[PDB]
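Participant: Output the structure for:
(chains A and B, ligands or ions: 6)
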Amino acid sequence: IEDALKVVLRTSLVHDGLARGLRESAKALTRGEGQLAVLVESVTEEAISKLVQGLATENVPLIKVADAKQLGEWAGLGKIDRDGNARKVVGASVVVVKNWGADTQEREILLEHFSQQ
RNA sequence: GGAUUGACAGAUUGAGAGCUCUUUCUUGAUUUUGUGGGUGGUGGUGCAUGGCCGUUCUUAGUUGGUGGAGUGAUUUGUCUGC
Ligand SMILES: [Mg+2]
Ligand SMILES: [Mg+2]
Ligand SMILES: [Mg+2]
Ligand SMILES: [Mg+2]
Ligand SMILES: [Mg+2]
Ligand SMILES: [Mg+2]
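Facilitator: Residues are numbered from 1 along each chain as shown, chains lettered A, B, ... in the order given. Ligands and ions are numbered 1, 2, ... in the order given. Below is the structure:
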């Protein structure tokens, strides 16, 4: 569901858990750091997503949310001073959650479900 | 899918300065380039100013209130003496 994703992104934004990008994401996945990964399939030439898959194959669970620009928007990359979006364009190709921070029950049931697949 | 940051080694440099280049690696929204604006300045103006000090002046000199004289600026009080 949509709720657990925003909850986990908030809990990793406040405690610096988001590997906002792909190089930091790749380094976190290579290390014992990246506990979750959200990436978009609407990526040109698709090789970055394939490389990410590989990173998660070796810290396993991944999420397949679309709308890269929207993904960055609700990923907290924006300063979002006003109520509405105050920046033209901002987005993230890959988001990696390292620090689980605060825990909510619905989100943990969701991550167990996505682990079960 | 990199605003950016930093650097081993060499050219360069006086430098063991990643100042600049060769290559590449690191770093994550603090930044970078433009506008407004702001700071910093033993920059200018002591002939824009404050404060302070110096000097006129180490002398004994100043001042206003009622009163008198002048239309008045001013004067007497602040003086002939000792
Ligand atoms: Mg100065
Ligand atoms: Mg100077
Ligand atoms: Mg003067
Ligand atoms: Mg005097
Ligand atoms: Mg009089
Ligand atoms: Mg007199």
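Participant: Please count neighbours and contacts with C-alpha atoms only from this point.
Facilitator: Fine.
Participant: Now do the helices in chain A.
Facilitator: With DSSP state H, the ranges of helices along chain A come out as A:2-14, A:23-30, A:47-57, A:68-73, A:105-116.
Participant: Residue numbers of chain A in contact with RNA strand B?
Facilitator: A:20-24, A:43-46, A:77, A:91-94 (C-alpha under 7 Å from any atom of the strand).
Participant: give me that answer again for 10 Å
Facilitator: A:13, A:16, A:18-28, A:39-49, A:68-69, A:71-72, A:76-79, A:90-95 (C-alpha under 10 Å from any atom of the strand).
Participant: residue with max distance from the center of chain A?
Facilitator: The C-alpha centroid of chain A is most remote from residue A:82, which lies 23.6 Å away (C-alpha atoms, centre = their mean).
Participant: Would you quantify the distance from the most centrally placed residue in chain A to residue A:83?
Facilitator: The centre of chain A sits closest to residue A:95, judged by C-alpha atoms, centre = their mean, with a distance of 3.1 Å. Residue A:95 sits 23 Å away from residue A:83, going by C-alpha to C-alpha, to the nearest Å.
Participant: now swap in residue A:44 and tell me
Facilitator: With C-alpha to C-alpha as the criterion, residue A:44 and residue A:83 are 31 Å apart.
Participant: Ok, residue A:64 next?
Facilitator: 27 Å.
Participant: And the two? Which one has more around it.
Facilitator: residue A:64 (9 against 6; other C-alpha atoms under 10 Å).
Participant: Next, work out how far apart the more buried one and residue A:21 are.
Facilitator: 16 Å.
Participant: swap in residue A:78?
Facilitator: For residue A:78, the distance to residue A:21 - C-alpha to C-alpha - is 14 Å.
Participant: one step back: could you redo the helices of chain A as TSV and give each row distance to residue A:99 and mean neighbour count?
Facilitator: Converted to TSV, those look like this (distance: least, C-alpha to C-alpha, whole Å; neighbours: other C-alpha atoms under 10 Å):
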stretch	distance to residue A:99	mean neighbour count
helix A:2-14	6	17
helix A:23-30	11	18
helix A:47-57	16	15
helix A:68-73	18	18
helix A:105-116	14	13
